[PDB]
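Numbering-wise (my numbering), the sequence shown opens with residue 1 and increments by one. C-beta atoms are modelled at their ideal positions from N, C-alpha and C, and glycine is treated no differently. First the structure, in the form of structure tokens, and then the observations on it.
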Amino acid sequence: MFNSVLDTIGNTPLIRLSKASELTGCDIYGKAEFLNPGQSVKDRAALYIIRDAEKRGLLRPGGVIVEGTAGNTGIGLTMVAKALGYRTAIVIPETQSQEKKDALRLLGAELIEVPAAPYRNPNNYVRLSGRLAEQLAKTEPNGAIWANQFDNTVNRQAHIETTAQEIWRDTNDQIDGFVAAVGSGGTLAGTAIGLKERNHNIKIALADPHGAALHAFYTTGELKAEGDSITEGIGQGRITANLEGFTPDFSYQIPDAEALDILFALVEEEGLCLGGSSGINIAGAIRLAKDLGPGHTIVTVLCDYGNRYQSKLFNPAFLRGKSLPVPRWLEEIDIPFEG
Numbered sequence: 001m002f003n004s005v006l007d008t009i010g011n012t013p014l015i016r017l018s019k020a021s022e023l024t025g026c027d028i029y030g031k032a033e034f035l036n037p038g039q040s041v042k043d044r045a046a047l048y049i050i051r052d053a054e055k056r057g058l059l060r061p062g063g064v065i066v067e068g069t070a071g072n073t074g075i076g077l078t079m080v081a082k083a084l085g086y087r088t089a090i091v092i093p094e095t096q097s098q099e100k101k102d103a104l105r106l107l108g109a110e111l112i113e114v115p116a117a118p119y120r121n122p123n124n125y126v127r128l129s130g131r132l133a134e135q136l137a138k139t140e141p142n143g144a145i146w147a148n149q150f151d152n153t154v155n156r157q158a159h160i161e162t163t164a165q166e167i168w169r170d171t172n173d174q175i176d177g178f179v180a181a182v183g184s185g186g187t188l189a190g191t192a193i194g195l196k197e198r199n200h201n202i203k204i205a206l207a208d209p210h211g212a213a214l215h216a217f218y219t220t221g222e223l224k225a226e227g228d229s230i231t232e233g234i235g236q237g238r239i240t241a242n243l244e245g246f247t248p249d250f251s252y253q254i255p256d257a258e259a260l261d262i263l264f265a266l267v268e269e270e271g272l273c274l275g276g277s278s279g280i281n282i283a284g285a286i287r288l289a290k291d292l293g294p295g296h297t298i299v300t301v302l303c304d305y306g307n308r309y310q311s312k313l314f315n316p317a318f319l320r321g322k323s324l325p326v327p328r329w330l331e332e333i334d335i336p337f338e339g
């Protein structure tokens, strides 16, 4: 029933979050986007972006897709590209986890590592990937397109047409609230459009880590960032094109300790080891449940696995340096060798 791995993208299950549901008197669920074949939520935008470039005649067999990505979008793009007969040129900051870079080279991406840089600096990997697409388009006979996830609204469109419909159908029209953190804004803005189209009374919440500017913008009008977060995949300092015209009904600023407490307990109590953005998202789902009151159904997103972030998110020495909680179980049996 599946002609290729592309047919396994999406249609992900809702997993009940036991301790969060018990604490709030609500039914809280996390959408298991980590069960996508590329192992993250980004498979959805990756498919839609490449299909859009095809339908517009911008990609011909053997063409190249260029993207500035911290990793997940690169993995999703290269998987879809190889299945459909295209190539990828991936600009990634050199600071990202080795596990992510290896996955990209194993899948066949052409990998270009650059130093980390704030968006203000033109050598920021996103702005730089735009100029790389412009450069390669001059010499690629089969096309060279800029995926441009942050500002290509086909990203948002993927979540309008798939994520929101799956959530609407899987909760049997009973969902009361949806909450997610923002990177490009595709997940939150797109799911919100699709959910509110189905029921304008659904409440939408932003979950924002320290060091992002979006909570301040929506609540005070100022794009002001304070502190920093060790979570990765999220944290946005400008209104991207995917965020254009979006306003959340609730907005929460989640400190790292709150998200990590949830993540560490989820490993031990519920057998789930998830990335930093999932801790921010579940923390926001609990906040939303408290504002709505008991008896409601809330859905958030479990964006990727915790594996790829062990050296920081689950590292005692690194966490202690930032005064963050430490996984208790990472803090002497006689082996019964014979002879």
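query: On the premise that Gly30 lies in contact with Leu17, defined as a C-beta separation below 8 Å, what is that separation, rounded to the nearest angstrom?; result: 5 Å
query: Determine the closest residue to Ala89 out of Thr73, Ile112, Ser97 and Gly71, with distance taken between C-alpha atoms.; result: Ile112
query: Count the other CB atoms, across all protein chains shown, that sit within 10 Å of the CB of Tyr119; report buried if there are 16 or more and exposed otherwise.; result: exposed
query: So within the segment 8 to 37, which uninterrupted alpha helix (DSSP H) runs reach at least 4 residues, ignoring any that extend past its ends?; result: 18 to 24
query: Report, in whole angstroms, the separation of the C-beta atoms of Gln157 and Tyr48, which I expect to be a contact under 8 Å.; result: 6 Å
query: Grab the span of the beta strand (DSSP E) containing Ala133 for me, first residue to last.; result: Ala133 -> not in any beta strand (DSSP E); alpha helix (DSSP H) instead, spanning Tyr125 to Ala137.
query: Give me the DSSP bridge partner(s) of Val91.; result: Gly68 and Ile112
query: Does DSSP put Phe318 in a helix, a strand or coil?; result: helix
query: What distance in whole Å lies between the Cβ atoms of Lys322 and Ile230, which are believed to be in contact at a cut-off of 8 Å?; result: 7 Å
query: Could you spell out where the alpha helix (DSSP H) holding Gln253 opens and where it closes?; result: Note, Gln253: premise wrong, no alpha helix (DSSP H); beta strand (DSSP E) at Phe250 to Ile254.
query: Please list, in chain order, all residues of the same chain as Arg60 whose beta carbon is under 7 Å from its beta carbon, the five residues on each side excluded.; result: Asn142 and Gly143
query: Going by the beta-carbon positions, is the gap between residue 346 and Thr297 smaller than 8 Å?; result: This structure gives no information on residue 346, because the portion of the chain shown stretches from 1 to 339.
query: According to DSSP, is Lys224 part of a helix, a strand, or is it coil?; result: coil
query: Go ahead and pull the three-state DSSP assignment for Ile202.; result: coil
query: Could you please give the first and the last residue of the uninterrupted alpha helix (DSSP H) stretch that includes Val154?; result: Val154 to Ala158
query: For the beta strand (DSSP E) containing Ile298, list its first residue and its last residue.; result: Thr297 to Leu302
query: Can you tell me which of the three DSSP states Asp334 falls into?; result: coil
query: Starting from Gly177, follow the beta strand (DSSP E) in both directions and report where the run begins and ends.; result: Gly177 to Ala180
query: Please go through the same chain and pick out, in chain order, the residues whose beta-carbon is closer than 6 Å to the beta-carbon of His159, but skip the five residues on each side of it.; result: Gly186, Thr187, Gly190 and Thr191
query: Distance, Cα to Cα, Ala207 vs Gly339?; result: 57 Å
query: Evaluate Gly245 with the Cβ neighbour count: other Cβ atoms within 10 Å of its Cβ, from every protein chain shown; 16 or more gives buried, anything less gives exposed.; result: exposed
query: Quick check on DSSP: helix, strand or coil for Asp151?; result: coil
query: Can you tell me whether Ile145 is buried or exposed, with buried defined as 16 or more other CB within 10 angstroms of its CB?; result: buried
query: Could you check whether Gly76 and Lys100 sit closer than 8 Å to each other, using their CB atoms as the reference points?; result: no
query: Determine the burial state of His215: buried for a count of at least 16 other Cβ atoms within 10 Å of its Cβ, exposed for fewer.; result: buried
query: So the alpha helix (DSSP H) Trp329 belongs to, where does it begin and stop?; result: Taken as a continuous stretch (DSSP letters only), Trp329 belongs to no alpha helix (DSSP H), as it is neither H nor E.
query: Measuring CB to CB, does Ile50 end up less than 8 Å from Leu84?; result: yes
query: Suppose the cutoff is 7 Å on Cβ atoms and the five residues either side in sequence are ignored; what does the same chain contact list for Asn11 look like?; result: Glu166
query: What is the rounded straight-line gap between the Cα of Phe250 and the Cα of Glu140?; result: 46 Å
query: Classify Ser229 as helix, strand or coil using the three-state DSSP reduction.; result: coil
query: Quick one: any contact between the segment 268 to 277 and the segment 219 to 233, if contact means 3 or more CB pairs under 8 Å?; result: yes
query: Just reading off the alpha helix (DSSP H) that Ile234 is part of, what are its end residues?; result: Where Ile234 is concerned, there is no enclosing alpha helix (DSSP H), given that its DSSP letter is neither H nor E.
query: Quick one: give me the first and last residue of the alpha helix (DSSP H) that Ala212 is part of.; result: Where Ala212 is concerned, there is no enclosing alpha helix (DSSP H), given that its DSSP letter is neither H nor E.
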